[PDB]
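> Pasting an experimental structure with its sequence.
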Amino acid sequence: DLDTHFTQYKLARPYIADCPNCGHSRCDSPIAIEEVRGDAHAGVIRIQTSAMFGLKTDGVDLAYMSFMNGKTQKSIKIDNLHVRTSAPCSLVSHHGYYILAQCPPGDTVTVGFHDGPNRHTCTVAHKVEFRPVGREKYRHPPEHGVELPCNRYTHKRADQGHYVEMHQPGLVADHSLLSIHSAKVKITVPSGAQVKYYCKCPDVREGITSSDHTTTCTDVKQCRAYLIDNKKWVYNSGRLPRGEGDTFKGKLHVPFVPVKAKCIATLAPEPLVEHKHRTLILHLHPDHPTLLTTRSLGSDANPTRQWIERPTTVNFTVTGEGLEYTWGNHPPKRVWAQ
Amino acid sequence: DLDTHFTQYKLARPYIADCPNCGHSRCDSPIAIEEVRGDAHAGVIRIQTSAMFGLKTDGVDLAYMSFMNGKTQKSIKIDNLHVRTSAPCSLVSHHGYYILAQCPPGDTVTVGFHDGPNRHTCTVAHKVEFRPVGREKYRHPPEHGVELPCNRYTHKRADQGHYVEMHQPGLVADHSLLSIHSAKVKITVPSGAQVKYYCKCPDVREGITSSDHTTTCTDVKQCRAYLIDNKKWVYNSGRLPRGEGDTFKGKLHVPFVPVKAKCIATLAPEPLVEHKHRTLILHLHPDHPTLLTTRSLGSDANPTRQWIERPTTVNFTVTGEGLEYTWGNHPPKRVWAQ
Amino acid sequence: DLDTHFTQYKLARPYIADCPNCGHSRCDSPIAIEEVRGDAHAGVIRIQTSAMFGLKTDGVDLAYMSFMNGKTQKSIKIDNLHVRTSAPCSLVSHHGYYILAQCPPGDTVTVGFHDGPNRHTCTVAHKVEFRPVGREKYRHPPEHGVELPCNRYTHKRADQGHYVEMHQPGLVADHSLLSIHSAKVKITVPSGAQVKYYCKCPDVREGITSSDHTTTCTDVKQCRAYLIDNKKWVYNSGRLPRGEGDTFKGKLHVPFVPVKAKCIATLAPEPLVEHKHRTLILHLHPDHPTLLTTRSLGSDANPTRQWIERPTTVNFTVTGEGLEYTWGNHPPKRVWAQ
Amino acid sequence: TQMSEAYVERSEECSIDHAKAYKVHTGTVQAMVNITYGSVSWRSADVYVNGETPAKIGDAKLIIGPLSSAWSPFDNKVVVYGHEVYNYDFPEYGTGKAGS
Ligand SMILES: *[C@@H]1O[C@H](CO)[C@@H](O[C@@H]2O[C@H](CO)[C@@H](O[C@@H]3O[C@H](CO)[C@@H](O)[C@H](O)[C@@H]3O)[C@H](O)[C@H]2NC(C)=O)[C@H](O)[C@H]1NC(C)=O
Ligand SMILES: *[C@@H]1O[C@H](CO)[C@@H](O)[C@H](O)[C@H]1NC(C)=O
Ligand SMILES: *[C@@H]1O[C@H](CO)[C@@H](O)[C@H](O)[C@H]1NC(C)=O
Ligand SMILES: *[C@@H]1O[C@H](CO)[C@@H](O)[C@H](O)[C@H]1NC(C)=O
């Protein structure tokens, strides 16, 4: 069942990109963050990291993760993966490049695993707000209340609703290929991968080879140290160069498609009703800001709505045509008068 | 001493209830939070968890915790017990069902150790606000300043100011008891237990028994396995089904009752007076929003009370009757005119 | 080249003091903090902890910290050096008493390492805020934009712009030196260190000795268990009492001197300009609160400064003299009138 | 008994970030003038405004000013903060009120 999505599993491989605030400065972390999607209602977040979470090398180890350490990857466990904001979050599911979590409200989002001798985390400035379903401006999902048709990301991954292009990655520089042949700069190969190669000085101008040596130039900071390694494909990230050869296809399904689920919503305390001649008096004791709306049923609607936070007592002139009011998300009520 | 609390230490049992936000959704966590009481002043919180802290199974301890996994109390060393808010807290002391901690302001409270192979955490939606005792709306207890008669929870445990009920546990369900013998369903009892047999097929519906087997019914999904463990007793929690019998007595003393202690309160900077003809120019440089109250000493009080946060200069008309003003927590003073 | 700071490394020793909020109360932590300098722009904070981390006991292990426990120091690993605020921070560098870290805004700052069997945390109340350099009052260093000359603490440590005096410390008590000699109190020494000694009863009145016994007094609670141990001097902290002899030399350079670096600041989206007859309409949508300034080029400036957060439409009477406006940190632009 | 003492010393940050009070006078203005007259089509002269100083760059010589308006945007008291200029009225030396 879980091995029925090999379009992403085998054909894609995580790469390294330029995290805005890696650790303490702008480094090139393997967990670079892309496309923070904070659009769900219940504060659920989707994050697209450049590291590939999910299966092991071939098809196994859901509890493992795969990042790229220099020119080669090394799949390890998911031991201490943590996604964090203003307050630490709680991860829900990880799949491919995407992570689903439920974060508290906050202004910054961070993603970071723990290799064991190092942290290797990344963070990006991107605010994430809470938008409570309905008319009751709460801050966290309550344990009870009436449910409403919210919109939220689904924890399921075996979906084909949307796709994202996965072309051959651009080539990557690796100056550690540029060893010294005692007096000349010398290039090895990872596994026979294509090493684009050339220096400022006139020498070998293409590089489609095994381990070459330089005839002309001397300095390792005056040669192109590249690796075309599109035996494994990468996401169409805006942080990697694009190989001018051609743009590969191979679009894979997006893990967490938004769905129209049903979230529990808070229910404000019921009003204390009191009355005088042609006059409703309404006592309100809200715990959180909740919108009150009112509507006269006569020819003139004469609407009135206001967010109320502090406990307050309000009034309403009730004509014989009658009056409706909708405190919180309680069913609307209506009345006559003497 | 520590062992003079046998009523809660011996007789109580760690129960498991329905945490609202157990990780991703509402599971049945062994640390189901109940009755968060953030009614103190300096920011100390008393939490009544579903786990039983302190006591090992073997009489008593304090470096250990008893939580219920399965039908058995898998007690362990307490080791990484988190108490979280908008920012992580710092726990003060733990006694059986209750754990006293000091937290920063926030809107959610989460509890959880991390037994290692698994986390077993739990949270609950409940706002926590911390009004410091005094006239200055500070945030954290400062290093110095005057002291005021605050109210908070004692770290001491050997108190009997208040009591809580503790009666026989209800009929806990356990589907894992409905095994089959390839011909009929087999019931089982671990030790001293007295399970209840119920099945959909027309048969003996009562089935109160030790180790035994069904009469005719065969479908596991068409049966019920209720477990009885009346040897221990549990707290009267609102998330646990009532036992059908008597309210067994036994008053568990509340480990942390409120007391009238003395907290250190902040001390606003001294105002810079500047006298003027029948006028008191007052230079103010508040550090945190502090109340300012003044009143005329004559026949008419003429009160004036207004919070001041941004540094500002206010002036008052000090008549020959005299004037009094109380800036922050400073003692009141008086003035004349010529 | 990290061995050119032995004045800090060798002449100084770890130190202990009153942490105001050490854990649940005011203990005497080895990492009591003092003089947190949160006055930069890029969110970086310099903290002067009582513990002096740096090289190991003799000359090595930059990645080790050395705090004082009881009578003696103890150089151990730096595994879990934690600096916290309203949100967890991230370490940058540490040297001597001073540790440089960047924190999100918050009301309190906490510091805590990990001995392994112990928590050993300490905090203090201190306002922390960070307004970015520029006209766009953001709240997290953005990925891109324009650069401006901010004020930030130097990432390096080998600087001597400012100095901090390290004199001889003052005697510390320790009643655990007061062992019992069957019926009398027996003081013992750490390494031949000076032990100022005397009790409320008349006996040895100075104490400049090896391990003495007390002829007169019997109870350890009425005796001066003091250690003069100025073989390695300390900083003249406000929490350590003064040595009556003299303030020794040891003028020590401040590790992280603030410098005028260039931080990257945010850039607001360009406004949509709409022209009318002799009036400028600025259709704009600010992402974060930004102030825009307008200034007529005529004799009368008629300036207007206005922070705006929500999207708004503004107007401006562009006279024949002309008008200029500065939206955010964009370069100023002028305008004509017919 | 405890003998506690404390004194105020300027922060280490004063070396980089610090306001600067300034009292200013009329001064003398200067201009860079370009004159592309006749057939020479070029000049690059820096000049004053006093009605005496000749400027004889290339072949031509000329005199500029004085200005008709003595308008100075600076006030008598000027405060400079790093890069921006504020015409704030700093009180005087050795008289600053606390907090202000
Ligand atoms: C002094 O003032 C005169 C008059 O304003 C300046 O004349 C202008 O000079 C610019 C070049 O600085 C000329 O434009 C440029 O011409 C070159 C060559 O044809 C062309 O490649 C550029 O694209 C550009 O068009 C301009 O035509 C000329 N005249 C006018 C009416 O603007 C002169 O440069 C000034 N001299 C100095 C030293 O500042
Ligand atoms: C009606 O409204 C007024 C405010 O206009 C409020 O103060 C009062 O308590 C309400 N009660 C009456 C008199 O209906
Ligand atoms: C004094 O009162 C006047 C009138 O309310 C007010 O304008 C002024 O700001 C106050 N303070 C001073 C310093 O004059
Ligand atoms: C600005 O111009 C718009 C043009 O539609 C107009 O509606 C609006 O009233 C004007 N605002 C002001 C303050 O004049």
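Nice, I can see it. Numbering: from 1, shown residues only, chains lettered A, B, ... in the order given. Ligands and ions are numbered 1, 2, ... in the order given.

> Just the strands from chain D, written as ranges.
For chain D, strands defined by DSSP state E occupy the ranges D:19-23, D:30-33, D:45-48, D:77-81, D:84-86.

> Residue A:338 contacts residue A:278, correct?
Yes - contact status for residue A:338 versus residue A:278: in contact at 6.8 Å, counting by CB atoms under 8 Å. C-beta here means a position set from N, CA and C on the backbone, and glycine is covered the same way.

> Alongside chain C, which residues does chain A contribute?
Proximity of chain A to chain C is confined to A:20-21, A:23-24, A:84-88, A:106-108, A:124-125 under the rule CB under 8 Å from any CB of the partner chain.

> ok, 7 Å please
Where chain A comes near chain C, counting by CB under 7 Å from any CB of the partner chain, the residues are A:20, A:21, A:23, A:24, A:86, A:107, A:108, A:124, A:125.

> Tell me the bridge partners for the nearest residue to residue A:33 once chain neighbours are set aside.
Computed as CB to CB, 6 or more residues apart in numbering or on different chains, the closest residue to residue A:33 that is not its neighbour in sequence is residue A:124, at 4.8 Å. Bridge pairing for residue A:124 (DSSP bridges) gives the partners residue A:109.

> wait, what's in contact with residue A:124?
Listed by CB atoms under 7 Å, 6 or more residues apart in numbering or on different chains, the contact set of residue A:124 reads A:20, A:33, A:36, A:109, C:143.

> Is residue A:95 bridged to anything, and to what?
residue A:98.

> can you tell me the helix or strand for the residue positioned nearest the centre of chain A?
When chain A is reduced to its mean C-alpha position, the nearest residue by CA atoms, centre = their mean turns out to be residue A:47, at 1.9 Å. With secondary structure defined by DSSP states H and E, residue A:47 is part of strand A:44-54.

> quick one on the thing from earlier: any chance of the strands of chain D in JSON lines with mean neighbour count and distance to residue A:251 as columns?
Putting the strands of chain D into JSON lines (neighbours: other CB atoms under 10 Å in any protein chain shown; distance: least, CB to CB, whole Å) gives the following:
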{"stretch": "strand D:19-23", "mean neighbour count": "12", "distance to residue A:251": "59"}
{"stretch": "strand D:30-33", "mean neighbour count": "12", "distance to residue A:251": "61"}
{"stretch": "strand D:45-48", "mean neighbour count": "16", "distance to residue A:251": "65"}
{"stretch": "strand D:77-81", "mean neighbour count": "15", "distance to residue A:251": "55"}
{"stretch": "strand D:84-86", "mean neighbour count": "11", "distance to residue A:251": "52"}
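
> nearest to residue D:58, of those?
Ranking the strands of chain D by distance to residue D:58, with CB to CB as the measure, places strand D:45-48 first at 8.1 Å.

> Need phi/psi at residue A:7.
Here the main-chain torsion angles of residue A:7 (degrees, to the nearest 10) amount to phi -60, psi -40.

> Output stretch D:1-16 as CSV, restricted to C-alpha atoms.
Once non-C-alpha atoms are left out, stretch D:1-16 reads as follows in CSV (Å, rounded to 0.1, in the frame of the first residue of the first chain):
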residue,chain,number,x,y,z
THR,D,1,26.7,46.3,57.6
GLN,D,2,26.9,46.5,53.8
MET,D,3,28.8,49.3,51.9
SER,D,4,27.2,49.4,48.5
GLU,D,5,28.4,51.9,45.9
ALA,D,6,27.6,52.5,42.2
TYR,D,7,28.5,55.0,39.5
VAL,D,8,27.4,55.7,36.0
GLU,D,9,29.8,55.1,33.2
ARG,D,10,29.1,55.5,29.5
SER,D,11,28.3,52.2,27.7
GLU,D,12,30.6,50.3,25.4
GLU,D,13,28.1,51.0,22.6
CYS,D,14,28.9,54.7,22.8
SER,D,15,31.9,54.2,20.5
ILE,D,16,29.7,53.5,17.5
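
> That stretch close to chain C?
Yes - using CB under 7 Å from any CB as the criterion, contacts between stretch D:1-16 and chain C involve D:12, D:13, D:15, D:16.

> Widest-spaced pair of those?
Greatest spatial distance in these: D:12 and D:16, 9.1 Å, computed using CB to CB.

> Not counting sequence-adjacent ones, nearest residue to the residue in the stretch 101-250 of chain A that ligand 1 sits nearest to?
Across the stretch 101-250 of chain A, the shortest distance to ligand 1 (CB to the nearest ligand atom) belongs to residue A:200, at 31.9 Å. Nearest residue to residue A:200, sequence neighbours excluded (CB to CB, 6+ apart): residue A:222, at 4.8 Å.

> The residue of the stretch 101-250 of chain A found nearest ligand 2 and residue C:319, how far apart?
Residue nearest to ligand 2 within the stretch 101-250 of chain A (CB to the nearest ligand atom): residue A:135, separated by 23.0 Å. Relative to residue C:319, residue A:135 is positioned 48 Å away (CB to CB, to the nearest Å).

> between these two, who's got more neighbours?
Applying other CB atoms under 10 Å in any protein chain shown to residue A:135 and residue C:319 shows that residue A:135 carries more neighbours, namely 21 against 15.

> So what's the residue count around residue 37?
If you meant another chain, say so; for now it's chain A. Applying other CB under 10 Å, we find 18 other residues in the vicinity of residue A:37.

> I was thinking of chain D, sorry if that wasn't clear
Residue D:37 - counted by other CB under 10 Å - has 10 other residues nearby.

> could you flag which of the residues of stretch D:1-16 next to chain C are buried?
With neighbours counted by 16 or more other CB atoms under 10 Å in any protein chain shown, these contain buried members at D:12, D:13, D:16.

> What's the separation between whichever residue of chain A sits closest to ligand 2 and ligand 1?
Of all residues in chain A, the one sitting closest to ligand 2 is residue A:315 (3.8 Å; CB to the nearest ligand atom). Distance of residue A:315 to ligand 1, given as CB to the nearest ligand atom, to the nearest Å: 74 Å.

> In contact with the closest residue to that residue other than its chain neighbours, which residues are there?
In space, residue A:315 comes closest to residue A:281 once its chain neighbours are excluded; the distance is 5.3 Å by CB to CB, 6+ apart. Shown here is residue A:281, whose contacts under the criterion CB under 7 Å, 6+ apart are A:274, A:275, A:313, A:315.

> just checking, which of those belong to strands?
Using DSSP E, the subset of the contacts of residue A:281 located in strands is A:274, A:275, A:313, A:315.

> With neighbour count and distance to residue A:41 added, can I get these in TSV?
Below are the ones in strands among the contacts of residue A:281 laid out as TSV (neighbours: other CB atoms under 10 Å in any protein chain shown; distance: CB to CB, whole Å):
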residue	neighbour count	distance to residue A:41
A:274	12	35
A:275	15	37
A:313	12	32
A:315	12	34
